[PDB]
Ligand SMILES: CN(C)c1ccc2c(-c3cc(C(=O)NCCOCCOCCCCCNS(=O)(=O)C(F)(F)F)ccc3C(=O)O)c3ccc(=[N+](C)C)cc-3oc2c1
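Shown below, as structure tokens, is a lone chain in the form deposited without this ligand; questions about how it binds or moves come after it.
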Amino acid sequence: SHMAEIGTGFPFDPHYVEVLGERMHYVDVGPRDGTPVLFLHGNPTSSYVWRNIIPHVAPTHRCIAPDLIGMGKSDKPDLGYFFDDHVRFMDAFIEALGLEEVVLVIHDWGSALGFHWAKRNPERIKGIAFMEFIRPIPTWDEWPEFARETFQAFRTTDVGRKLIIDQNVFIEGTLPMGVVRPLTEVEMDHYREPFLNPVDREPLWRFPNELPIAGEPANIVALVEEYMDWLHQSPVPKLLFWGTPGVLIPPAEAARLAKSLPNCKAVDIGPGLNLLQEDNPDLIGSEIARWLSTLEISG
């Protein structure tokens, strides 16, 4: 059988909340008397990446999907856009909406935010669904060969900024490199929208420079090790989506994690790179919905 056509629209009412003096944009749909499901995107995406996942979940659960500070339709203060900046703003976003307990659905740098938050707020986490997530990559050989020269250049002084900031390579090159199917022009224009001006591309370059690869930056490596240790020892319900060949999470790693993470169901989406949501949204959405029905939530 064949997949349904993948929607290009973003049929959600926009919201903004003031966070530390800046406005962050977010989606907020579904019923509000239960446990919210908080969807966190990564680099170089926005809440747009969840547009075809949310409709599977919204009939039964609240869906909140923010745009990270400096990204999407959120404000763009003059920050370095280190992980520290994202942590601060995301923590404050969650408090600004008065969220208590949540289910997380997280991806890429959004997964570092989600796992780091959950480790610090273990009483408030009712489940985590995750995919293509940030983990330590101890050698460049564990980074995919098709992306090695590129990410090394991204992290090389002067060259990386020329590619990402001046030439917009993370949007024009790396984003398509992360989707097995071809993105349409309408989809590309949605992803391009926040970054038309090169000055606004700082987060796109800082993010690959924060990835924990070959021990650097050491502070990120430590933080990520800490939340991975937490995840390995946590009874929290877990749902892991993976694809072939993946980028951050190759199939062999997914298979290891299906055993070494407690209470974890792993689901193969088929072909996939980084943005698994773009390659099989209906499997990811339908499986999240089924998994939510099994959790200690509905209030």
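We number the residues from 1 along the sequence you see.
Here the subject shifts to the form deposited with this ligand bound, a form of this protein not shown in this document.
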- Task: Check the shown form for clashes with this ligand: superpose the C-alphas around the site so the partner sits as in the deposited complex, and report blocked if 3 or more ligand atoms are within 2.4 Å of backbone or C-beta atoms, open if none are.
- Result: open
- All of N52, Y81 and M90 within 4.5 Å of this ligand in the deposited complex, heavy atom check: no
- Message: Residue-level question: is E172 within 4.5 Å of this ligand in the deposited complex, judged on heavy atoms?
- Response: yes
- Is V247 one of the residues lying within 4.5 Å of this ligand in the deposited complex, judged by heavy atom distances? yes
- Find out whether any non-hydrogen atom of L211 is located within 4.5 angstroms of this ligand in the deposited complex, and reply yes or no. yes
- Item | Contact label in the deposited complex: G178 to this ligand, heavy atom within 4.5 Å | yes
- Note on the structure: Answer among 92 to 100, 113 to 121, 202 to 210, 217 to 225 for heavy atoms within 4.5 Å of this ligand in the deposited complex: the stretch 202 to 210
